[PDB]
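Colleague: First the structure, which I've put down as structure tokens, then a few questions once you've had a look.
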Amino acid sequence: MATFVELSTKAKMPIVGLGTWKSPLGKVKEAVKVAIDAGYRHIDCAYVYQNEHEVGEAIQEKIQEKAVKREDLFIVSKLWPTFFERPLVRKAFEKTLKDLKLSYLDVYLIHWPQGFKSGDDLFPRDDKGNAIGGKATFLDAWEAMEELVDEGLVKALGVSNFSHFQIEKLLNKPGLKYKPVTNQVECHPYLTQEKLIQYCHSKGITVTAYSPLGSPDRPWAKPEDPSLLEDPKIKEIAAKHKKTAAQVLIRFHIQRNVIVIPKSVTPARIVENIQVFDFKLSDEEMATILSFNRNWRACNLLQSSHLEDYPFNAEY
Ligand SMILES: NC(=O)c1ccc[n+]([C@@H]2O[C@H](COP(=O)([O-])OP(=O)(O)OC[C@H]3O[C@@H](n4cnc5c(N)ncnc54)[C@H](OP(=O)(O)O)[C@@H]3O)[C@@H](O)[C@H]2O)c1
Ligand SMILES: CC1=C(CC(=O)O)c2cc(F)ccc2/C1=C\c1ccc([S@@](C)=O)cc1
């Protein structure tokens with residue numbers, strides 16, 4: 001059975017969710033439909049993925065067809081940092097919610113802590129491709145997002161790609177109404193996030209692991225980049241359980257009580273990826289996997305590294 005991680009709000013967040021970044025139009029609706037049929041309840045979405053309108057169609061279909069009730073779904077989206085100015089937070093949210101055809105979101109995340117130039121150019125950049133910053137901050141954004149929770153449009157807020165310093169800046173903000181329920185960050189055996197997970201858990205903040213398979217189809221991959229799915233040592237552990245590497249990579253997070261959101265539009269893989277509750281990695285296997293840490297990021301966003309709130313300069 002597909003288990004949950006309890007949030008600070010007492011809401012139950014399904015521990016495996018479906019990722020939707022780069023899920024193409026014409027495939028993402030079917031991906032969400034297959035996922036819901038396979039027992040997924042948690043779907044991870046974003047404004048910047050530009051496919052929320054199709055995700056919304058799929059969700060609406062399955063609810064209509066009595067496959068699932070809204071209350072049993074757990075829908076997450078994210079505020080892109082070109083929308084940190086107060087009026088833009090509301091407008092960006094309204095587009096996300098309208099696209100998803102929902103009356104509320106379960107969690108709404110700040111997608112990245114660093115502010116970008118405000119507006120509807122999602123990737124404002126210079127000639128070299130470096131991100132253009134904006135003066136509105138994640139605290140400005142949070143302020144506007146808190147209204148959504150007051151109004152019942154969002155059940156809980158969270159953050160993504162925040163370091164512990166940025167989470168501290170948020171938690172210690174005088175006059176804070178709502179606390180983040182999760183920090184969605186890259187996490188897998190090459191980036192085990194031990195210090196950040198410990199920190200977040202100590203503050204009652206869950207962690208959601210993105211790119212758990214190493215994001216093998218990311219547009220900026222470099223052939224010398226490591227490959228988790230083909231890693232002989234990961235494969236060895238998979239073989240031990242007669243499971244696939246992907247299932248080991250997903251189960252890894254489950255055993256750390258970390259939510260994990262593998263992306264697929266392939267029905268067989270969508271099913272495979274949630275077949276992770278009928279085996280257990282041994283204490284020794286978990287220790288071996290943790291030892292693979294390389295501090296390697298598939299998502300380092302180097303093009304924003306000059307910005308004030310770029311999160312990856314800190315140790316954690
Ligand atoms: N907050 C953030 O900044 C942030 C950053 C990155 C990602 N995310 C979220 O996290 C989700 C997951 O991360 P991700 O999409 O970067 O990468 P990922 O889930 O690590 O890997 C996805 C890739 O692996 C393939 N795949 C999926 N299941 C497989 C399996 N069982 N065997 C072999 N290959 C498999 C997929 O192929 P097919 O789709 O062709 O099947 C796709 O190419 C995203 O979709 C997004 O929702 C958030
Ligand atoms: C890491 C990353 C993700 C993954 C995710 O959030 O799920 C992503 C998703 C999108 F729909 C668009 C951009 C990004 C992205 C980094 C990024 C890439 C190029 C630019 S501009 C420089 O071309 C800016 C940022």
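Just remember, in the structure tokens the first chain shown is A, the second B, etc., residues are 1-based per chain, and ligands are 1-based in the order shown.
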Show me which residues line ligand 1, defined as having an atom within 6 Å of a ligand atom where only C-alpha atoms and all ligand atoms count, and present them as a ChimeraX atom specification.
Modeller: /A:19-21,44-45,111,160,184,210-217,246,261-266,269,272-273
Colleague: Could you please take those selected residues and save N, CA and C atoms as an mmCIF file, in the first residue's frame?
Modeller:
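And here is the file that came out, result20.cif:
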```
data_model
loop_
_atom_site.group_PDB
_atom_site.id
_atom_site.type_symbol
_atom_site.label_atom_id
_atom_site.label_comp_id
_atom_site.auth_asym_id
_atom_site.auth_seq_id
_atom_site.Cartn_x
_atom_site.Cartn_y
_atom_site.Cartn_z
ATOM 1 N N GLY A 19 6.141 12.960 -11.017
ATOM 2 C CA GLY A 19 6.734 14.184 -11.539
ATOM 3 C C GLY A 19 6.240 14.473 -12.949
ATOM 4 N N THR A 20 6.210 15.750 -13.335
ATOM 5 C CA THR A 20 5.637 16.126 -14.626
ATOM 6 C C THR A 20 6.524 17.081 -15.420
ATOM 7 N N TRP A 21 7.746 17.341 -14.957
ATOM 8 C CA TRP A 21 8.632 18.196 -15.749
ATOM 9 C C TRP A 21 9.005 17.543 -17.078
ATOM 10 N N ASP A 44 3.159 16.078 -8.822
ATOM 11 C CA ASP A 44 3.999 17.268 -8.716
ATOM 12 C C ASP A 44 4.006 18.032 -10.018
ATOM 13 N N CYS A 45 3.606 19.296 -9.933
ATOM 14 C CA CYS A 45 3.354 20.148 -11.084
ATOM 15 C C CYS A 45 4.100 21.452 -10.920
ATOM 16 N N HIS A 111 9.475 27.901 -6.043
ATOM 17 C CA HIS A 111 10.229 26.984 -6.907
ATOM 18 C C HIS A 111 11.735 27.103 -6.732
ATOM 19 N N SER A 160 11.382 25.072 -2.287
ATOM 20 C CA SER A 160 12.117 24.165 -3.145
ATOM 21 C C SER A 160 13.469 24.787 -3.454
ATOM 22 N N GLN A 184 11.493 20.814 -1.324
ATOM 23 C CA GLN A 184 11.693 19.939 -2.469
ATOM 24 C C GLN A 184 13.064 20.201 -3.085
ATOM 25 N N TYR A 210 13.505 15.348 -5.631
ATOM 26 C CA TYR A 210 13.328 15.410 -7.064
ATOM 27 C C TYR A 210 14.520 14.806 -7.798
ATOM 28 N N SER A 211 14.331 14.556 -9.086
ATOM 29 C CA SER A 211 15.343 13.881 -9.909
ATOM 30 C C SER A 211 15.917 12.616 -9.244
ATOM 31 N N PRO A 212 15.048 11.748 -8.698
ATOM 32 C CA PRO A 212 15.567 10.593 -7.949
ATOM 33 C C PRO A 212 16.249 9.563 -8.848
ATOM 34 N N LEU A 213 15.983 9.632 -10.146
ATOM 35 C CA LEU A 213 16.618 8.714 -11.082
ATOM 36 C C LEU A 213 17.806 9.409 -11.755
ATOM 37 N N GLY A 214 18.137 10.610 -11.289
ATOM 38 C CA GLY A 214 19.248 11.364 -11.852
ATOM 39 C C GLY A 214 18.864 12.181 -13.071
ATOM 40 N N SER A 215 17.564 12.283 -13.338
ATOM 41 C CA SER A 215 17.063 13.066 -14.469
ATOM 42 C C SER A 215 17.813 12.799 -15.781
ATOM 43 N N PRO A 216 17.791 11.541 -16.257
ATOM 44 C CA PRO A 216 18.611 11.200 -17.429
ATOM 45 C C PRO A 216 18.255 11.939 -18.723
ATOM 46 N N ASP A 217 17.074 12.544 -18.814
ATOM 47 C CA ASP A 217 16.727 13.274 -20.034
ATOM 48 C C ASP A 217 16.837 14.801 -19.926
ATOM 49 N N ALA A 246 15.608 1.590 -10.827
ATOM 50 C CA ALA A 246 14.703 2.683 -10.523
ATOM 51 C C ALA A 246 13.940 2.396 -9.227
ATOM 52 N N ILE A 261 9.493 11.880 -6.090
ATOM 53 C CA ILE A 261 8.601 12.210 -7.207
ATOM 54 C C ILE A 261 9.159 11.880 -8.594
ATOM 55 N N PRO A 262 9.406 10.592 -8.847
ATOM 56 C CA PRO A 262 9.942 10.208 -10.161
ATOM 57 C C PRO A 262 9.009 10.590 -11.304
ATOM 58 N N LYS A 263 9.594 11.104 -12.382
ATOM 59 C CA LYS A 263 8.827 11.477 -13.566
ATOM 60 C C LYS A 263 8.862 10.387 -14.620
ATOM 61 N N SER A 264 7.703 10.090 -15.183
ATOM 62 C CA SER A 264 7.639 9.284 -16.382
ATOM 63 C C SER A 264 6.360 9.576 -17.107
ATOM 64 N N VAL A 265 6.418 9.434 -18.430
ATOM 65 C CA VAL A 265 5.203 9.383 -19.243
ATOM 66 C C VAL A 265 4.987 8.014 -19.869
ATOM 67 N N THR A 266 5.822 7.059 -19.479
ATOM 68 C CA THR A 266 5.750 5.714 -20.017
ATOM 69 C C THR A 266 4.940 4.850 -19.079
ATOM 70 N N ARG A 269 6.672 2.269 -16.939
ATOM 71 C CA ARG A 269 7.554 2.834 -15.926
ATOM 72 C C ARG A 269 6.778 3.511 -14.796
ATOM 73 N N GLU A 272 5.898 0.666 -12.700
ATOM 74 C CA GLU A 272 7.100 0.132 -12.064
ATOM 75 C C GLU A 272 7.524 0.989 -10.873
ATOM 76 N N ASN A 273 7.462 2.300 -11.072
ATOM 77 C CA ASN A 273 7.971 3.258 -10.106
ATOM 78 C C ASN A 273 7.203 3.322 -8.796
#
```
Colleague: Just asking: which residues within stretch 8-128 of chain A are helix (DSSP H, G or I) according to DSSP, as a ChimeraX atom specification?
Modeller: /A:28-37,47-49,52-64,70-72,81-83,86-100
Colleague: Kindly provide the residues of chain A that approach ligand 2 to within 6 Å, each paired with its closest atom pair and their distance in Å to one decimal, based on only C-alpha atoms and all ligand atoms, listed by chain and increasing number, as CSV.
Modeller:
```
residue,atom,partner,partner_atom_place_in_ligand_line,distance
A:21,CA,ligand 2,7 (O),4.8
A:48,CA,ligand 2,11 (F),4.5
A:49,CA,ligand 2,11 (F),3.8
A:123,CA,ligand 2,21 (S),4.8
A:129,CA,ligand 2,22 (C),5.4
A:131,CA,ligand 2,22 (C),5.9
A:299,CA,ligand 2,1 (C),4.7
A:301,CA,ligand 2,16 (C),5.8
A:303,CA,ligand 2,22 (C),5.9
```
Colleague: Can you spit out the residues from that selection as a short mmCIF file (atom, residue, chain, number, x, y, z; two decimals), in the first residue's frame, using C-alpha atoms?
Modeller:
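Once everything was written out, this is again_9.cif:
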```
data_model
loop_
_atom_site.label_atom_id
_atom_site.label_comp_id
_atom_site.auth_asym_id
_atom_site.auth_seq_id
_atom_site.Cartn_x
_atom_site.Cartn_y
_atom_site.Cartn_z
CA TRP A 21 8.63 18.20 -15.75
CA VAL A 48 7.11 26.68 -15.54
CA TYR A 49 6.46 23.19 -16.97
CA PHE A 123 13.90 32.89 -18.39
CA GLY A 129 22.68 33.09 -20.71
CA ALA A 131 19.72 34.85 -15.30
CA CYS A 299 20.20 20.50 -11.46
CA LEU A 301 21.34 26.08 -12.24
CA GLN A 303 23.34 30.35 -14.81
#
```
Colleague: Could you pull the residues within 12 Å of residue A:101, counting only C-alpha atoms, minus those fewer than 6 positions along the same chain, as a PyMOL selection string?
Modeller: chain A and resi 52-61+63+70+75+94-95
Colleague: Please dump the current selection as an mmCIF file, in the first residue's frame; keep N, CA and C atoms.
Modeller:
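Output file again.cif follows:
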```cif
data_model
loop_
_atom_site.group_PDB
_atom_site.id
_atom_site.type_symbol
_atom_site.label_atom_id
_atom_site.label_comp_id
_atom_site.auth_asym_id
_atom_site.auth_seq_id
_atom_site.Cartn_x
_atom_site.Cartn_y
_atom_site.Cartn_z
ATOM 1 N N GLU A 52 0.360 22.285 -17.141
ATOM 2 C CA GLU A 52 -0.640 22.147 -16.092
ATOM 3 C C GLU A 52 -2.057 22.023 -16.619
ATOM 4 N N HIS A 53 -2.330 22.644 -17.764
ATOM 5 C CA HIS A 53 -3.663 22.570 -18.349
ATOM 6 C C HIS A 53 -3.960 21.145 -18.782
ATOM 7 N N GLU A 54 -2.932 20.447 -19.253
ATOM 8 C CA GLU A 54 -3.199 19.032 -19.603
ATOM 9 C C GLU A 54 -3.278 18.173 -18.379
ATOM 10 N N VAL A 55 -2.432 18.382 -17.376
ATOM 11 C CA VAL A 55 -2.555 17.667 -16.110
ATOM 12 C C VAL A 55 -3.949 17.856 -15.520
ATOM 13 N N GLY A 56 -4.451 19.087 -15.568
ATOM 14 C CA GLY A 56 -5.784 19.380 -15.064
ATOM 15 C C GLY A 56 -6.879 18.599 -15.770
ATOM 16 N N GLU A 57 -6.764 18.455 -17.058
ATOM 17 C CA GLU A 57 -7.691 17.637 -17.815
ATOM 18 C C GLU A 57 -7.736 16.205 -17.343
ATOM 19 N N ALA A 58 -6.589 15.628 -17.102
ATOM 20 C CA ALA A 58 -6.495 14.230 -16.681
ATOM 21 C C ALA A 58 -7.105 14.024 -15.303
ATOM 22 N N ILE A 59 -6.777 14.923 -14.379
ATOM 23 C CA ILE A 59 -7.326 14.869 -13.030
ATOM 24 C C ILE A 59 -8.849 14.966 -13.080
ATOM 25 N N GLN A 60 -9.350 15.926 -13.853
ATOM 26 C CA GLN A 60 -10.793 16.126 -13.983
ATOM 27 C C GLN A 60 -11.468 14.875 -14.525
ATOM 28 N N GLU A 61 -10.836 14.238 -15.507
ATOM 29 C CA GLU A 61 -11.366 13.004 -16.086
ATOM 30 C C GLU A 61 -11.535 11.913 -15.044
ATOM 31 N N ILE A 63 -11.614 12.087 -11.766
ATOM 32 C CA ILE A 63 -12.569 12.428 -10.720
ATOM 33 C C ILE A 63 -13.989 12.209 -11.230
ATOM 34 N N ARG A 70 -11.413 14.110 -5.150
ATOM 35 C CA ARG A 70 -10.442 15.202 -5.014
ATOM 36 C C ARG A 70 -9.701 15.134 -3.690
ATOM 37 N N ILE A 75 -2.139 17.473 -4.739
ATOM 38 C CA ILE A 75 -1.638 18.191 -5.893
ATOM 39 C C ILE A 75 -0.723 19.331 -5.457
ATOM 40 N N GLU A 94 -3.309 32.032 -9.902
ATOM 41 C CA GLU A 94 -4.616 31.893 -10.532
ATOM 42 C C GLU A 94 -4.540 31.124 -11.852
ATOM 43 N N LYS A 95 -3.480 31.352 -12.615
ATOM 44 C CA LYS A 95 -3.268 30.625 -13.869
ATOM 45 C C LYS A 95 -2.994 29.144 -13.596
#
```
Colleague: Find the residue from A:107, A:185, A:144, A:176 that sits nearest to residue A:161; use only C-alpha atoms when measuring.
Modeller: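 For residue A:161, the nearest of the candidates is A:185.
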Colleague: When you count only C-alpha atoms, which of these residues is closest to residue A:32: A:73, A:232, A:80, A:10?
Modeller: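 Distance minimum relative to residue A:32 lands on A:73.
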Colleague: Set the distance at 12 Å and use only C-alpha atoms: which residues neighbour residue A:171 once local chain neighbours fewer than 2 positions away are removed? I'd like the list as a list in words.
Modeller: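 Near neighbours after the sequence-gap exclusion: residues 139, 142, 158, 159, 164, 165, 166, 167, 168, 169, 173, 174, 175, 176, 177, 178, 179, 180, 181, 200, 203, 204 and 205 of chain A.
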Colleague: Skip residue A:201 itself and residues of its chain fewer than 3 positions away, then list as a list in words all residues within 12 Å of it, counting only C-alpha atoms.
Modeller: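 Once the nearby chain positions are removed, what remains is residues 5, 6, 7, 8, 164, 167, 180, 181, 182, 183, 193, 194, 195, 196, 197, 198, 204, 205, 206, 207, 208, 256, 257 and 258 of chain A.
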Colleague: Using only C-alpha atoms, which of A:260, A:229, A:276, A:157 sits nearest residue A:43?
Modeller: A:260
Colleague: For the atom pair atom CA of residue A:14 and atom CA of residue A:271, what is the interatomic distance in Å to one decimal place?
Modeller: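 These atoms are spaced 15.5 Å apart.
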Colleague: Excluding residue A:106 and any residue of its chain fewer than 2 positions from it, enumerate the residues within 10 Å of it, using only C-alpha atoms, and give them as a PyMOL selection string.
Modeller: chain A and resi 11-13+42+71+73-77+104+108+149+152-157
Colleague: Please, could you write that set of residues out with C-alpha atoms as a short mmCIF file (atom, residue, chain, number, x, y, z; two decimals), in the first residue's frame?
Modeller:
```cif
data_model
loop_
_atom_site.label_atom_id
_atom_site.label_comp_id
_atom_site.auth_asym_id
_atom_site.auth_seq_id
_atom_site.Cartn_x
_atom_site.Cartn_y
_atom_site.Cartn_z
CA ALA A 11 -2.16 16.44 6.25
CA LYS A 12 -0.91 13.20 4.73
CA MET A 13 1.41 13.58 1.77
CA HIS A 42 0.39 12.81 -5.39
CA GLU A 71 -9.86 14.78 -1.27
CA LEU A 73 -5.46 13.51 -4.43
CA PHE A 74 -2.46 15.54 -3.35
CA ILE A 75 -1.64 18.19 -5.89
CA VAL A 76 1.50 20.32 -5.64
CA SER A 77 2.50 23.25 -7.80
CA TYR A 104 -7.46 24.38 -4.24
CA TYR A 108 2.19 25.53 -3.21
CA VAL A 149 -3.73 29.74 2.62
CA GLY A 152 -8.43 28.19 1.51
CA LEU A 153 -7.01 28.18 -2.01
CA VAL A 154 -3.86 26.40 -0.81
CA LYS A 155 -3.73 23.98 2.14
CA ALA A 156 -0.03 24.41 2.86
CA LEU A 157 3.05 26.22 1.63
#
```
Colleague: Just want the 9 Å neighbourhood of residue A:308, counted on only C-alpha atoms, with same-chain residues fewer than 3 positions away dropped. Output as a ChimeraX atom specification.
Modeller: /A:114-115,133,304-305,311
Colleague: Work out how far apart atom CA of residue A:243 and atom CA of residue A:277 are and give it in Å to one decimal.
Modeller: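 Here the two named atoms are 11.5 Å from each other.
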